[PDB]
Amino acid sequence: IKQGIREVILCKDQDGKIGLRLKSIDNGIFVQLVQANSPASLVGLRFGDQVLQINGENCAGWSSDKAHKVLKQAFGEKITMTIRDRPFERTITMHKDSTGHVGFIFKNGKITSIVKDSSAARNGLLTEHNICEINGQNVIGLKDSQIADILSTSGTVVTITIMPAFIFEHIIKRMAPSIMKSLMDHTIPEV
C-alpha cells in the first residue's frame, strides 16, 4: 500500500466503458470492481483505491450514482483521476513452514483463526479481515479453493493484503456475488 496520491489517465474503450464500479464510503468514493481487460485495469486501478478527484473535481460527498453519472458524461478522450492507494487495507508478509503452511484458516475469503506458532502468528495476522490480494493478485470473489491454490503455488514468501471485514462488507454491498467471481479482474498485471 503506497503512501501518497497518484494521478492516472484513462481512455474509454471502443464501447465507451472504463471497467469501473464506485461506492460512496464515509463521504469518500472507493473502487468496488475493476473489470478484467478494461482501461481501469490497464492503468492499474485496484479494489479499495480511493478516488479523490475525477478530472480535477473533488469526489468528497458524491453518491455512488453521481460518481457513475460523472464517468458516463466525461469526454472519453482522456479522464484524469487522483487516487489514494487502498487506504482501508494493509499488507502482511509471511513465510510458508516446511509443510508449506503460512498459518491461518479462512472462510468466504475471511480469516477466522491464526494457528499457534505460525508465520501468521509471528507477523500479527488478524481475524475478521477479508483477503483482498495475494502476491498483488486480487482474489475477491474466487472460491476458497482457488485462494488455497494461489497460496499453494506461491513460493515460500507470501504477501497478503487484508481489509477489516466491516469495511469490506460495506464496500461490496449491492454488488451480486456472481459479478465478483465473473468480472472482478483477478489477473497478474501486464507489462
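Numbering starts at 1 and follows the sequence shown.
TODO: Could you settle it for me: does 148-156 or 162-170 have the higher average Cα B factor in the PDB entry?
DONE: According to the PDB entry, the answer is 148-156.
Open item on the list: When the Cα temperature factors in the entry are averaged, is it 73-81 or 89-97 that ends up higher?
Closed with: According to the entry, 73-81 carries the higher average C-alpha B-factor.
Task: Relative C-alpha B-factor of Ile18, binned into the chain's lowest, middle or highest third - done: Middle third, going by the recorded CA B-factors of the chain.
Task: CA B-factor ranking of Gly44, expressed as a third of its chain - done: Its C-alpha B-factor belongs to the middle third of this chain's values.
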